[PDB]
Amino acid sequence: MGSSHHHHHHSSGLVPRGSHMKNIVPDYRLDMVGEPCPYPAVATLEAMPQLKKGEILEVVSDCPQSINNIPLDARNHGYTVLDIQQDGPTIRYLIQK
């Protein structure tokens, strides 16, 4: 039987862990300003069909009003989880699957 007379062509990358190799949950991130024009949350709506086995969003925008821009989009088509939060001179919302 051969001992060292074997030329490997591929590498063995076995990593026994309790969590996945990477994270494909965080769908999109809208950390700018709550614009009324359909431009930012455009990803949110398009995310609905492109949905997967685990979605997430992170929006950090600033607006003088109280209405949520990005969340309003996903809420329209109706996603899985749509939540929001506020701090002070800004506001941050997030969604998941």
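Residues numbered from 1 in each chain as written, not as in the entry; some residues may be left out. Heavy atoms only, no water.

By the method listed in its record, solution NMR, this PDB entry was determined.

Novice: Residue-level account of the side chain of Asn69, with values.
Specialist: With respect to the helices and strands, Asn69 occurs in helix α2 (residues 69–77). On the accessibility criterion, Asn69 (15% relative accessible area) is buried. Apart from the residues within four sequence positions on either side, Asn69 is in contact with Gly34, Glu35, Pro36, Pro40 and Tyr93. (Helix = DSSP H or I, 4+ residues; strand = E, 2+ residues; numbered from the N terminus. Buried < 20%, exposed > 50% of the residue type's maximum accessible area, 1.4 Å probe, protein only. Contact = heavy atoms within 4.5 Å.)

Novice: Outline the pairing of strand β1 (residues 26–30), supporting the account with residue identities and numerical values.
Specialist: Pairing between β1 and strand β2 (residues 56–61): 4 bridges, direction parallel. Along β2, the bridge assignment pairs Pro26 with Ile56. You can see the chain leave β1, run along helix α1 (residues 42–47) and come back into β2, and the turn it takes is right-handed. (Pairing = 2+ DSSP bridges. Right-handed = clockwise from strand over helix to strand, strands pointing away.)

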